[PDB]
Amino acid sequence: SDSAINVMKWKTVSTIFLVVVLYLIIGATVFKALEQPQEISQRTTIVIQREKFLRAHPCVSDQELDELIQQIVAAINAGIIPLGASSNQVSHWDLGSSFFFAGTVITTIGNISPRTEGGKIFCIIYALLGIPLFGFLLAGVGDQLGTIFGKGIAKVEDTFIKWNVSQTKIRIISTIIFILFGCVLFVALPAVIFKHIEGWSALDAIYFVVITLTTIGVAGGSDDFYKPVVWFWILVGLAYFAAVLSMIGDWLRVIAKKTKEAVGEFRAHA
Amino acid sequence: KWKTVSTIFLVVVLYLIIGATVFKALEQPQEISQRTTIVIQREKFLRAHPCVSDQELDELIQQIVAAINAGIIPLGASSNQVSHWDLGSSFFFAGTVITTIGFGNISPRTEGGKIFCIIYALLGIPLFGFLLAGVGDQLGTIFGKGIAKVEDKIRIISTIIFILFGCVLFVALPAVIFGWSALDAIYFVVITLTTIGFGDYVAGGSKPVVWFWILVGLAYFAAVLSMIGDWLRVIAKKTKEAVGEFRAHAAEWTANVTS
Ligand SMILES: CCCCCCCO[C@@H]1O[C@H](CO)[C@@H](O)[C@H](O)[C@H]1O
Ligand SMILES: CCCCCCCCCCCC
Ligand SMILES: CCCCCCCCCCCC
Ligand SMILES: CCCCCCCCCCCC
Ligand SMILES: CCCCCCCCCC
Ligand SMILES: CCCCCCCC
Ligand SMILES: CCCCCCCC
Ligand SMILES: [K+]
Ligand SMILES: [K+]
């Protein structure tokens with residue numbers, strides 16, 4: 001009973017391991033079909049600019065022009081706009097831009113990293129202590145928003161109450177109005193807002209938000225009335241996708257137990 | 001009823017103001033040094049080669065800026081490099097998305113790739129969360145059976161054996177598995193396994209057994225970052241009573257001053 005269920009558990013996780021392995025193989029085979037065509041077009045035509053610019057200017061050193069670009073590529077990862085025109089520059093660590101990157105570290109959202117030892121060592125501890133600190137703010141807003149929605153759904157679930165009202169199915173009308181109100185607020189409105197400031201397309205504003213509020217991975221700059229109100233949204237939108245990504249785990253745990261019985265029957269009866 | 005979250009809000013706002021003022025003191029100095037000396041290599045290149053002119057170095061950067069969205073190119077890419085999105089490199093980036101490590105130096109450019117990735121993340125992040133949590137309690141008994149040995153003040157000697165004997169494993173080996181510097185191996189691991197994300201893969205210019213360690217190391221920092229929340233919850237309630245006293249004693253103090 002103590003380690004008997006643990007022989008049951010090692011199975012259940014080793015199986016999930018293979019689901020993710022397949023899921024990565026699937027994603028790999030999909031991304032290599034979607035992106036590797038677009039990459040060859042870019043490289044095989046960037047050779048033509050390489051091949052042009054050596055013939056546009058033969059007197060520059062050939063092998064060293066590669067090294068010159070490599071030293072630019074390596075020196076892009078800093079705060080970098082290197083030119084004799086636009087040599088005057090702003091700091092990527094100014095009054096508010098370092099405030100930004102402090103905000104990414106504790107959120108674990110994420111080209112410009114610190115280069116100082118003291119910066120790297122402070123950041124290690126700033127993260128190891130700021131990530132848990134932020135976790136309480138996120139969870140605090142998570143249940144703060146949980147009652148903003150809990151009181152809003154206490155009204156909605158009463159306004160269809162006729163005779164013959166089932167309590168197991170109105171729970172699903174509520175889960176519809178949460179993806180509905182949610183993605184209208186947190187996915188629809190900001191994505192439309194970034195079209196009229198940065199000029200983003202229709203997709204890339206939603207692609208941005210999903211990658212952002214899932215903390216996987218910018219429109220803050222415009223070259224201070226506009227960042228502080230957005231950082232609010234980010235915190236609440238992070239609490240939003242925190243619930244959303246957790247909901248999907250509820251579905252995936254249902255789908256697991258439903259495919260669990262399906263294989264059990266269809267291999268027992270056959 | 002009592003909110004208590006608006007209070008924590010100010011702690012993080014304060015804590016961001018702290019970090020901001022610290023990082024601007026640590027990094028804005030080294031930012032000047034590099035950039036004002038990068039001008040010196042640029043100011044030499046115009047002089048080392050009048051062949052390439054002022055207007056043309058703008059064009060040369062513009063073609064790099066355009067080729068940042070793609071990557072690194074022909075000769076530095078045929079003598080040193082392979083093509084991205086290949087058999088196993090797209091396996092990598094699929095692995096970053098579900099872990100939310102999100103290295104993202106090469107993001108997808110196709111709309112279909114971006115839409116697939118949105119759903120691949122929205123469905124892969126929860127899927128991976130059970131593998132992580134499954135390994136978390138899998139490792140929880142790997143460590144639970146190791147402490148049944150040790151338990152046969154001592155509560156804190158054990159917590160030393162978990163930070164030491166864990167972090168000795170997870171910063172020495174994994175960074176080397178995937179010389180070096182002493183700090184950046186640990187800086188790499190902390191950024192990686194906290195899922196802030198994977199500090200700069202290097203190609204040496206000038207899979208299955210590894211993703212084991214990353215999965216276990218993620219489960220490791222998942223517990224580590226969670227333990228600190230336990231102590232930060234303790235430190236909060238320890239500082240809660242301290243202000244309660246030191247405002248209560250000063251309150252009666254003032255009642256004595258009246259007489
Ligand atoms: C299993 C433990 C192995 C311990 C040996 C540690 C030394 O690693 C070596 O680091 C060198 C990079 O500077 C590479 O040149 C070698 O290929 C690599 O082997
Ligand atoms: C992209 C999602 C792939 C999901 C693969 C599911 C495989 C289920 C196998 C169940 C075996 C018991
Ligand atoms: C009421 C919460 C305030 C205490 C939490 C901040 C102190 C922990 C930060 C790290 C200090 C070493
Ligand atoms: C970085 C450490 C910050 C500590 C600031 C403490 C804020 C006061 C807490 C008051 C609790 C009632
Ligand atoms: C090598 C310089 C180390 C600087 C560490 C700064 C730590 C700041 C703690 C408040
Ligand atoms: C939605 C496909 C994921 C697989 C879930 C079921 C796993 C047993
Ligand atoms: C472009 C719209 C994508 C919607 C994704 C929904 C995934 C459940
Ligand atoms: K993350
Ligand atoms: K990240």
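Start at 1 and count along the chain as shown; that gives each residue its number.
Technique stated in the header: X-ray crystallography, 3.9 Å.
The backbone N, Cα and C atoms fix where each Cβ goes, and this holds for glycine too.
Per Swiss-Prot, these features apply:
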{"type": "TRANSMEM", "residues": "B:5-25", "note": "transmembrane segment"}
{"type": "SITE", "residues": "B:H84", "note": "site 'pH sensor'"}
{"type": "INTRAMEM", "residues": "B:87-113", "note": "intramembrane segment"}
{"type": "BINDING", "residues": "B:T100, B:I101, B:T195, B:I196", "note": "K(+) 1 binding site"}
{"type": "BINDING", "residues": "B:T100, B:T195", "note": "K(+) 4 binding site"}
{"type": "REGION", "residues": "B:100-105", "note": "region 'Selectivity filter 1'"}
{"type": "BINDING", "residues": "B:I101, B:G102, B:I196, B:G197", "note": "K(+) 2 binding site"}
{"type": "BINDING", "residues": "B:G102, B:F103, B:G197, B:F198", "note": "K(+) 3 binding site"}
{"type": "TRANSMEM", "residues": "B:115-135", "note": "transmembrane segment"}
{"type": "TRANSMEM", "residues": "B:156-176", "note": "transmembrane segment"}
{"type": "TRANSMEM", "residues": "B:209-229", "note": "transmembrane segment"}
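Distant neighbours of the intramembrane segment (B:87-113): 69, 71, 120-121, 124-125, 127-128, 192, 195, 197-198, 201, 207, 211, 214, 218; these residues of the same chain sit at least 6 beyond its ends, with a Cβ under 8 Å from one of its Cβ atoms. In the region 'Selectivity filter 1' (B:100-105), the DSSP tally of helix, strand and coil residues is 0 helix, 0 strand, 6 coil. Here the Cβ of B:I196 (K(+) 1 binding site) has 24 other Cβ atoms within 10 Å, regardless of which shown protein chain they belong to. On the backbone, the CA of B:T100 (K(+) 1 binding site) and the CA of B:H84 (site 'pH sensor') stand 20 Å apart. B:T195 (K(+) 1 binding site) and B:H84 (site 'pH sensor') have their C-alpha atoms 22 Å apart, to the nearest angstrom. In sequence order, the recorded positions near chain A, meaning those of B:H84, B:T195, B:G197, B:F198 whose CB lies under 8 Å from a CB of that chain, are B:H84, B:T195, B:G197. Its own atom aside, the Cβ of B:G102 (K(+) 2 binding site) has 23 Cβ atoms within 10 angstroms in the protein chains shown. Cα distances from B:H84 (site 'pH sensor') to the binding-site residues B:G102, B:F103, B:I196 are smallest for B:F103. Non-local contacts of B:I101 (K(+) 1 binding site) by the CB criterion (under 8 A, 6+ apart in sequence, same chain) comprise B:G95, B:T192, B:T195, B:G197, B:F198. Cα to Cα, B:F103 (K(+) 3 binding site) and B:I196 (K(+) 1 binding site) are separated by 9 Å.
Here the deposited model leaves out 10 residues, and the two residues on either side, B:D152 and B:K153, have Cα atoms 14 Å apart. Cα spacing between B:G102 (K(+) 2 binding site) and B:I196 (K(+) 1 binding site): 8 Å, rounded to the nearest whole number. In the deposited coordinates, B:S206 and B:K207 are the last and first modelled residues around 8 missing ones; Cα to Cα they measure 24 Å. The Cβ neighbour count for B:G197 (K(+) 2 binding site), using a 10 Å radius and every protein chain shown, is 23. By the rule that a residue counts when its Cβ sits under 6 Å from some atom of ligand 7, the binding-site residues B:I101, B:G102, B:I196, B:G197 yield nothing. Around the Cβ of B:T195 (K(+) 1 binding site), a 10 Å sphere holds 22 further Cβ atoms from the protein chains shown.
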